[PDB]
Each structure stands twice: as C-alpha cells, then as structure tokens.
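Novice: My sequence and its experimental structure, below.
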Amino acid sequence: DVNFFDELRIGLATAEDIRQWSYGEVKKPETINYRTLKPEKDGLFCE
Amino acid sequence: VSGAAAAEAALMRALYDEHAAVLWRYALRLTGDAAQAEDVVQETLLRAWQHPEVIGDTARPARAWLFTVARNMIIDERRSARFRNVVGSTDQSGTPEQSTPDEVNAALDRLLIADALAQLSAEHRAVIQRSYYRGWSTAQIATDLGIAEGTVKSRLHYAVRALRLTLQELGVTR
Amino acid sequence: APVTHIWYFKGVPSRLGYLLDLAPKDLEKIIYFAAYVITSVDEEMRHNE
Amino acid sequence: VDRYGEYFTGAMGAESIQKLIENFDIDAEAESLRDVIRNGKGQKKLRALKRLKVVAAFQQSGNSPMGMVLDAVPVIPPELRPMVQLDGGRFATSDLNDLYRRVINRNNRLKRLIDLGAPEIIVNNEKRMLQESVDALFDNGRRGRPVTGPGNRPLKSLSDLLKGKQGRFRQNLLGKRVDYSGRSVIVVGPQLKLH
DNA sequence: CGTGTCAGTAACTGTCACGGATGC
DNA sequence: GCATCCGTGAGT
C-alpha cells in the first residue's frame, strides 16, 4: 500500500452504494448480551 | 362502504388532537427524555387503535386508560435492558478510553522465533510453520507434504527441541 | 419510508430549496408532516371535465 | 382528494420530495435560470444565479440529486463506536449507538404500522419521528432542540466527530501525539554551548 | 398480561461579532 | 424591496 495516489474524490453516496458497502442489515435494536458479552444476532454489534 | 373505513381514521385523528399532546408531557415527566416520550405516545395510541373496547364507550373516560398504559410502558422500559446499559456514554466525560498495549514483547519474540527458524532444516522449518503458523492438524500436514503420520509427529517433536536448544544458547528465559 | 439528509435541508443555504425553487419554511412544513404538496396534476383531464 | 382525487396526486413528508426530484427536468430548469441571468434584473437575478450554482452541479456531473433522499442509512463499524465495560459491572456505549438504536426502533415500529394497516395519522406521525431520528443521527441539534441524553446532555452526532477543535481534523490530523517524546521542567544551563 | 375517576418538563440568556440567506 | 434571524466563529 504505497503512499502516492493523486486525487481524492468525494461525491453523493447513492442509497444503492450504501447497500454495496453494507455486509448486512441491522434489524434488531439490541446490542449485546449482558452476561456472555456476546453480541445478539442482527444487532448493532452482530458478528 | 368506503366511508365506514374513513370514519375510523377520522375517529383516531380526534383522540390524537385531544389526548396525544397531553399524554406526551406525562410520559416526558415520567422518563425525562422527549424522544422517548414520542415513542411512548405512538405505542400507546397504537394500542388504542387495537382495542375497540376503550374506544367504544364515550360515556366512560378514555384518557385515564391511556395514562395507565403509558405508565405500564415506562415501568417496563425501566427493567433489565435499561438496567445494565443506560449508565454510561463514551462521548460523555469520565469514561476511560480503550487502550491497547504496544507490540514490543511480541515483536522481539517474533524476531527470535524467526532467527531460530532460520537455523532449522528445510523439512523441520516447513513442518513447524504448518502446525503453529497455519494451525493445521497432524494428518493435514502429512497429506500436504506427502509423508507419513508418525513422520510429521517425529519432525515436530525434534524441531521443537531444536528451537529450544537454539534459544537456551542465546539466553531466552524459560 | 424514504428520508431526507439534514445537511441539504436545514444546512444553509438549503440545497433542496435551491433545486426545486421551494421556500425553506415550506420545505420544513412538507418534510415534517405539516402540509401536503402537489406532486402532479392531470391538467388536460381537468380541462375536459 | 374526496372530490377531485382522479385529477391530481399529492403527498407528504420525504417521499413527496423524492417524487418531486424524480419529476424534475434538470436541463430545462438550468436553461430557465440562464434565461433570467441574460436579463439584468439584479434584485431577482442574484437569487437565480445562486440557484444555477446548485443546478449545474447536478447537470454536469452526471450524478442524480436523488441521493439527497435516503432509502437506506449506513452504519459505522462498531470499533469506531465502541461499547466498553466499567469496573462497576455496568457498561458505557457511544452516543452514536443510542442514535442508531432510536432509528432502528422507530423504523421497526413503522414496519409494524405498515403491516397492520394502521390509520394514516399514526403512520405519518411515525414517519415524522423517523425523519427526526435520522436527522439526529447525522447532525443532532441542527434543527430544533437536540436529543438529550441522561442528564440533559446533548448526544454527539456523526457530524460532531469532525467539528472544531475536538473533531477528527484539528484533534487527530492536524495534531497527533507521538512516540519517542518526553517532557520536563527546564533549567538554565550557562555551562552548555549554544548547540 | 391487563391496563379506564385524577394526573403538567426542567431549564433557562449573564457570550457576541458578523455576514447572508430567510421572510413580511 | 429591506428588516430579521440564523448559523458561524472565538490560543496552545
């Protein structure tokens, strides 16, 4: 990973680009389990 | 007909206008968070839409049912899920930021391991890097290298002790 | 339900208001469910009836 | 709608603006602004110049302005919004987590309302709160009163990670803490040479 | 789970210069 | 057409 690249481009992120980035949808609002410290499935910390 | 279905929405809109803004302040005093009070209000009015017995009798007070439902909503929110988490915010001051130690010891150990690996035969070096660096099983290395099972076992057994010999000659702590 | 980016609505100057020639307060009434807005109207059918 | 519903179509909220952006001629409006520019009416000409500045950007770039209305919101990786455990047994999570969680809660409630065929009043009042939640996630406090946390403290939004001296730029890009560095009290040294 | 007399934030302005889009 | 108000900034 060299450090010579000319331009840095910024632009509007399409709602389709958001799905292109995402590795899955965050369905449930839960975070983790407050005993096993394991994150709940489809939560904000889903593995 | 089609007007009977619109009458129900027109019925909901009136109880909105007459009770939602008053229930919001109640839930707000019970919680202290406005964005949560709005959620409470919406869920309460949803349950109102789902219960025709509460919307049936106009001669019976309906605001009180809403207040009781909101109270039993907030008292529920006040249990286990809130109990543990609600306490701290990382953005808020007074919380220690997560720190990770430096890799100095690991880097020095890796350097010494590589040095001791250089002074091994190609076979032993190619065996220990397939059991500890690649984490394969005893039979997987045997299948890969095209050798026997006990062959891999003996090669590991000797190469470990050869690394120990090379390290103890340089004063590596036990 | 679709949502609007607050950077282009509330951020001055309103980019959406500049694109659609809509006033900032009118946009504020539209987005947060205070006033309906006409998306389309069949003018020829209105003339024929 | 009860009378002449066959003749027009109207909508509310953000979906209406989405449809308006869809029913919009970029080139036509750009040239219509240039028409006003060609006739020197300063008072009403500056206000058209500033609109052309925005419209021509969507014209030339080949990028649709539809991106100003979102159908899906991205979620920052968890290690940039970490939830730590405290020595008292309890936990402490970034405000971004609370904002994302409020967004998720209201969105799932809206899904329920859509499935149940709930009255339009409830569905619209729910979409409004979803709009406010996304606005708080991106820049809490920009419109109206900010979302207060425990203790009347305003929650830090995603844009708050880049603002001012405490933002990412002036705090972790312009100035960084470096290794191989020390600090101590200074003392005069007349014996020492200039170098 | 069902919930039906009533029931009202906290906090706070003791910043300000300055420019330009916003609005009567 | 102009007065208003909002949003921007204010040492390491």
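Specialist: Received it, and whenever you're ready, just let me know what you need. Numbers count the residues shown, from 1 in each chain, chains lettered A, B, ... in the order given.

Novice: Of all residues in chain C, which one is nearest the centre?
Specialist: For chain C, the residue sitting closest to the mean C-alpha position, by Cα atoms, centre = their mean, is residue C:27 at 5.3 Å.

Novice: Surely it is in a strand?
Specialist: No - counting by DSSP: H, G, I helix; E, B strand; the rest coil, residue C:27 is not found in a strand; it is helix.

Novice: How much space separates it from DNA strand E?
Specialist: According to Cβ to the nearest atom of the strand, to the nearest Å, residue C:27 stands 8 Å off from DNA strand E. Using the backbone N, CA and C atoms, a C-beta is placed for each residue, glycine as well.

Novice: Name the nearest residue to that residue, sequence neighbours excluded.
Specialist: Sequence neighbours aside, residue C:17 is the residue nearest to residue C:27 in space, at 5.4 Å (criterion: Cβ to Cβ, 6 or more residues apart in numbering or on different chains).

Novice: if we can go back for a sec, ok, the residue nearest to the centre of chain C touching residue C:14?
Specialist: Yes - Residue C:27 is in contact with residue C:14 according to Cβ atoms under 8 Å; the separation is 6.4 Å.

Novice: and the residue nearest to the centre of chain C, what does it touch?
Specialist: By Cβ atoms under 8 Å, 6 or more residues apart in numbering or on different chains, residue C:27 lies in contact with C:9, C:14, C:16-17, D:17.

Novice: ok, now which ones touch the residue most central in space within chain D?
Specialist: In chain D, the centroid-proximal residue (Cα atoms, centre = their mean) is residue D:138; its distance is 3.3 Å. By Cβ under 8 Å, 6+ apart, the contact list for residue D:138 reads C:5-7, D:157-159.

Novice: so which of these would you say is closest to chain B?
Specialist: Closest approach between these and chain B, by Cβ to the nearest Cβ: residue D:157, at 9.8 Å.

Novice: any chance you could map the helices in chain C?
Specialist: Along chain C, the stretches classed as helices by DSSP state H are C:6-9, C:15-19, C:24-31, C:43-48.

Novice: Could you do chain A as well?
Specialist: A:15-21.

Novice: And the residue of it that's closest to chain B?
Specialist: residue A:34 (4.3 Å).

Novice: From the rest of the structure, what touches the longest strand anywhere in chain C?
Specialist: Identified as the longest strand of chain C according to DSSP state E is strand C:37-41. Applying Cβ under 8 Å, 6+ apart, the contact partners of strand C:37-41 are C:30, D:7-12, D:16-17, D:19-20, D:23.

Novice: Does residue B:7 lie in a helix or a strand, and which?
Specialist: Assessed by DSSP states H and E, residue B:7 sits inside helix B:2-15.

Novice: List the buried residues of that helix.
Specialist: Neighbour-count burial for helix B:2-15, counted by 16 or more other Cβ atoms under 10 Å in any protein chain shown, picks out B:12, B:15.

Novice: How about it and chain D, any contact?
Specialist: Yes - residues of helix B:2-15 contacting chain D under Cβ under 8 Å from any Cβ of the partner chain: B:8-9, B:12-13.

Novice: Now flag whichever of those is closest to residue D:101.
Specialist: Within these, the smallest distance to residue D:101 is 27.9 Å, found for residue B:12 (Cβ to Cβ).

Novice: how much space between the closest one and residue B:19?
Specialist: 11 Å (Cβ to Cβ, to the nearest Å).

Novice: Now for the residue in chain A positioned nearest to chain D: which residues touch it?
Specialist: Closest residue of chain A to chain D, Cβ to the nearest Cβ: residue A:12 (3.7 Å). With contact taken as Cβ under 8 Å, 6+ apart, residue A:12 is in contact with D:63, D:65, D:67-68.

Novice: tell me how far the host helix or strand of residue B:29 is from the chain's mean position?
Specialist: Per DSSP H and E: residue B:29 is located in helix B:21-31. Centroid separation for helix B:21-31 versus its chain: 32 Å, with Cα atoms, centre = their mean, to the nearest Å.
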